[PDB]
Amino acid sequence: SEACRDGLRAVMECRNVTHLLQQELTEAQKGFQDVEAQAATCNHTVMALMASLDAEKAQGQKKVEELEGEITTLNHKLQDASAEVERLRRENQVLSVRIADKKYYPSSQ
Amino acid sequence: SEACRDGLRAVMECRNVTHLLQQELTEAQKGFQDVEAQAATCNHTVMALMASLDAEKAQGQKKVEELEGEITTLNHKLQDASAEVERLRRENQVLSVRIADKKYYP
Amino acid sequence: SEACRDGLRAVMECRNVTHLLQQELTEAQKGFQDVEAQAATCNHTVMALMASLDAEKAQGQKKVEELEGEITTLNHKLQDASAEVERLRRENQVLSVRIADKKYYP
Amino acid sequence: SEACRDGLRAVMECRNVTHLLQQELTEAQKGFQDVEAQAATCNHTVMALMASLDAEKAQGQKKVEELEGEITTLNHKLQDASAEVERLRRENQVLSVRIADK
């Protein structure tokens, strides 16, 4: 009678509250799916970057490797020149003394 | 009243069901919190890597700059040597003709 | 595999031995060249000396030939003078006795 | 597999190339053996010629010095004779006039 009116109230409140619960669950659901999404994104970025880091180091050690390649070449070419210079100076010194020493030349008397 | 026994049951199911709801919500809560942690980890890794990438490029370029610095120095020193050799080459030939011909007319 | 380690190990050595080969070749190269230069020098000296030897013989012969030319000329001139003196020697002594003996009776 | 065929192919080329290297080194070796000899020859020629040059100059000088020695001696003897002739030629002329005046 009176207690029945109040029960029907209590049930009526529940009835609407569970509607709200259903709405809030969908938010939560969306939320996990977007956290899910955001996590897949981040995960693929970390892949992308690790890849680039390796690609940079690879190319990097390459450039350096390329230049030491040149440097040694240049040290070689420097070697040959430096050696050629030494041997000419000494062969030019012999020729200049041999000219000085006119015992190579006939007397003019 | 038979319908009263059934009402009391319908309510009894609700009351037990909401117990289960409360238990599932805690899982869900835990779930968001763990995902929270995993996301902070990933986020700090991406920081760590962006830092290394910059650190690698930095070191990479300076080093390269450093070596082209050497190469051009070597090209210079090669220039002077190569030029010194040529002059000698001529002075050598001049000296040698100055002996063959400084005795054709002795 | 194991055989793969040894192939790589073997190939890596080949790398190293041919490095040594390259170094030894450069020595050899330098060797042929330093010798090339020294040989051209010697060769031009022999030219120089052959030239001087001919220049000396040339100057030697001619000058000497020139001086014996003079010496004989001088022997000739000495011949005429020495002969002219002998004849003067005679004329004179006759004249001096003549005046001595032309005062002696006259 | 495929990379194995190419490794072997690479090594097989090296094998043959080093055969060619060995052949070229022998040429080079022979080459130096020619050059060593030719150099000793040239070096002994230069010795020979420097010796002759000195021998020529030696013979050349002393001889010349010897002959100018004679030439000056001959000039001296020519001096005395030439002077003696001048003296006599006049003494003659004096004697012959003193004959004229006696």
# chains A, B, ... in the order shown; residues from 1 in each chain; ligands from 1

call {"tool": "calpha_fit_rmsd", "arguments": {"fixed": "chain B", "moving": "chain C"}}
result
1.4 Å

call {"tool": "closest_atom_pairs", "arguments": {"of": "chain B", "to": "chain A", "cutoff": "9 Å", "atoms": "only C-alpha atoms", "output": "tab-separated table"}}
result
residue	atom	partner	partner_atom	distance
B:11	CA	A:11	CA	8.9
B:28	CA	A:28	CA	8.7
B:31	CA	A:32	CA	8.8
B:32	CA	A:32	CA	7.4
B:35	CA	A:35	CA	7.5
B:36	CA	A:35	CA	8.7
B:38	CA	A:39	CA	8.4
B:39	CA	A:39	CA	6.7
B:42	CA	A:42	CA	6.7
B:43	CA	A:42	CA	7.4
B:45	CA	A:46	CA	7.6
B:46	CA	A:46	CA	6.1
B:49	CA	A:49	CA	7.0
B:50	CA	A:49	CA	7.6
B:52	CA	A:53	CA	7.8
B:53	CA	A:53	CA	5.7
B:56	CA	A:57	CA	7.1
B:57	CA	A:56	CA	7.4
B:60	CA	A:60	CA	6.0
B:61	CA	A:60	CA	8.4
B:63	CA	A:64	CA	7.6
B:64	CA	A:64	CA	6.3
B:67	CA	A:67	CA	6.6
B:68	CA	A:67	CA	7.4
B:70	CA	A:71	CA	7.6
B:71	CA	A:71	CA	5.9
B:74	CA	A:74	CA	6.4
B:75	CA	A:74	CA	7.2
B:77	CA	A:78	CA	7.7
B:78	CA	A:78	CA	5.6
B:81	CA	A:81	CA	5.9
B:82	CA	A:81	CA	5.9
B:84	CA	A:85	CA	6.9
B:85	CA	A:85	CA	5.0
B:86	CA	A:85	CA	8.6
B:88	CA	A:88	CA	6.2
B:89	CA	A:88	CA	7.0
B:91	CA	A:92	CA	7.2
B:92	CA	A:92	CA	5.4
B:93	CA	A:92	CA	8.8
B:95	CA	A:95	CA	6.2
B:96	CA	A:95	CA	6.8
B:98	CA	A:99	CA	8.2
B:99	CA	A:99	CA	6.8
B:102	CA	A:105	CA	8.6
B:103	CA	A:105	CA	7.2
B:106	CA	A:105	CA	6.7

call {"tool": "atom_distance", "arguments": {"atom1": "atom CA of residue 27 of chain B", "atom2": "atom CA of residue 34 of chain A"}}
result
18.0 Å

call {"tool": "atom_distance", "arguments": {"atom1": "atom CA of residue 100 of chain C", "atom2": "atom CA of residue 87 of chain C"}}
result
20.3 Å

call {"tool": "closest_atom_pairs", "arguments": {"of": "chain D", "to": "chain A", "cutoff": "10 Å", "atoms": "only C-alpha atoms", "output": "JSON lines"}}
result
{"residue": "D:49", "atom": "CA", "partner": "A:104", "partner_atom": "CA", "distance": 9.4}
{"residue": "D:50", "atom": "CA", "partner": "A:104", "partner_atom": "CA", "distance": 7.2}
{"residue": "D:53", "atom": "CA", "partner": "A:106", "partner_atom": "CA", "distance": 7.5}
{"residue": "D:54", "atom": "CA", "partner": "A:103", "partner_atom": "CA", "distance": 7.7}
{"residue": "D:56", "atom": "CA", "partner": "A:106", "partner_atom": "CA", "distance": 9.1}
{"residue": "D:57", "atom": "CA", "partner": "A:107", "partner_atom": "CA", "distance": 7.0}
{"residue": "D:60", "atom": "CA", "partner": "A:107", "partner_atom": "CA", "distance": 9.4}
{"residue": "D:61", "atom": "CA", "partner": "A:109", "partner_atom": "CA", "distance": 8.4}
{"residue": "D:64", "atom": "CA", "partner": "A:109", "partner_atom": "CA", "distance": 9.6}

call {"tool": "atom_distance", "arguments": {"atom1": "atom CA of residue 93 of chain D", "atom2": "atom CA of residue 77 of chain D"}}
result
24.7 Å

call {"tool": "interface_residues", "arguments": {"of": "chain C", "to": "chain B", "cutoff": "7 Å", "atoms": "only C-alpha atoms", "output": "PDB file with C-alpha atoms, in the first residue's frame"}}
result
ATOM      1  CA  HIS C  44     125.499  10.994 -68.172  1.00  0.00           C
ATOM      2  CA  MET C  47     129.062  10.866 -71.560  1.00  0.00           C
ATOM      3  CA  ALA C  48     130.735  13.782 -69.725  1.00  0.00           C
ATOM      4  CA  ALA C  51     133.745  14.174 -73.940  1.00  0.00           C
ATOM      5  CA  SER C  52     136.556  15.409 -71.697  1.00  0.00           C
TER       6      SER C  52
END

call {"tool": "interface_residues", "arguments": {"of": "chain D", "to": "chain C", "cutoff": "6 Å", "atoms": "only C-alpha atoms", "output": "short mmCIF file (atom, residue, chain, number, x, y, z; two decimals) with C-alpha atoms, in the first residue's frame"}}
result
data_model
loop_
_atom_site.label_atom_id
_atom_site.label_comp_id
_atom_site.auth_asym_id
_atom_site.auth_seq_id
_atom_site.Cartn_x
_atom_site.Cartn_y
_atom_site.Cartn_z
CA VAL D 46 133.29 5.70 -65.16
CA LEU D 53 141.30 11.64 -68.18
CA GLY D 60 149.66 16.43 -71.51
CA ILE D 71 161.81 26.74 -76.44
CA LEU D 78 169.40 32.51 -80.29
CA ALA D 81 174.23 34.13 -81.44
CA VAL D 85 176.66 38.36 -85.10
CA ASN D 92 184.50 43.57 -89.49
CA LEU D 95 188.79 46.39 -89.45
CA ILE D 99 192.69 48.57 -93.61
#

call {"tool": "residues_around", "arguments": {"residues": "segment 6-23 of chain D", "least_positions_apart": "4", "cutoff": "12 Å", "atoms": "only C-alpha atoms", "output": "ChimeraX atom specification"}}
result
/C:4,7-8,10-11,14-15,17-18,21-22,25 /D:1-2,27-30

call {"tool": "write_last_selection", "arguments": {"atoms": "N, CA and C atoms", "output": "compact mmCIF listing (two decimals), in the first residue's frame"}}
result
# COMPACT_ATOMS: atom_id res chain seq x y z
N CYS C 4 82.70 -23.12 -41.62
CA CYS C 4 82.44 -21.71 -41.96
C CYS C 4 83.38 -20.74 -41.21
N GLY C 7 86.71 -21.01 -42.96
CA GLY C 7 86.72 -20.35 -44.25
C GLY C 7 86.94 -18.84 -44.06
N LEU C 8 86.16 -18.28 -43.14
CA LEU C 8 86.26 -16.87 -42.77
C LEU C 8 87.64 -16.56 -42.19
N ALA C 10 90.36 -18.20 -42.77
CA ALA C 10 91.24 -18.35 -43.94
C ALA C 10 91.16 -17.15 -44.86
N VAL C 11 89.94 -16.71 -45.19
CA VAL C 11 89.75 -15.50 -46.02
C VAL C 11 90.31 -14.23 -45.38
N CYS C 14 94.06 -14.20 -45.90
CA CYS C 14 94.32 -13.78 -47.28
C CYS C 14 94.28 -12.26 -47.43
N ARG C 15 93.27 -11.65 -46.82
CA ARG C 15 93.22 -10.20 -46.67
C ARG C 15 94.53 -9.64 -46.16
N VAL C 17 97.73 -11.09 -45.74
CA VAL C 17 98.91 -11.42 -46.54
C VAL C 17 99.00 -10.58 -47.79
N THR C 18 97.89 -10.35 -48.47
CA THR C 18 97.90 -9.43 -49.64
C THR C 18 98.14 -7.95 -49.25
N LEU C 21 101.88 -8.02 -49.18
CA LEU C 21 102.28 -8.09 -50.58
C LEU C 21 102.29 -6.71 -51.21
N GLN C 22 101.21 -5.97 -51.00
CA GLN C 22 101.09 -4.59 -51.48
C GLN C 22 102.23 -3.69 -50.99
N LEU C 25 105.54 -4.81 -52.64
CA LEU C 25 105.57 -4.32 -54.01
C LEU C 25 106.03 -2.87 -54.13
N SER D 1 75.00 -22.34 -51.00
CA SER D 1 73.87 -21.78 -51.83
C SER D 1 74.39 -20.71 -52.82
N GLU D 2 73.59 -19.67 -53.12
CA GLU D 2 73.98 -18.71 -54.17
C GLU D 2 75.20 -17.91 -53.75
N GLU D 27 109.60 -12.17 -63.98
CA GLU D 27 110.03 -11.10 -64.87
C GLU D 27 110.77 -10.01 -64.07
N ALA D 28 110.08 -9.42 -63.08
CA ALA D 28 110.64 -8.37 -62.23
C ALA D 28 112.00 -8.78 -61.66
N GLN D 29 112.06 -9.99 -61.12
CA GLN D 29 113.30 -10.56 -60.58
C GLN D 29 114.42 -10.60 -61.62
N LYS D 30 114.12 -11.18 -62.77
CA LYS D 30 115.06 -11.22 -63.89
C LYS D 30 115.52 -9.82 -64.20
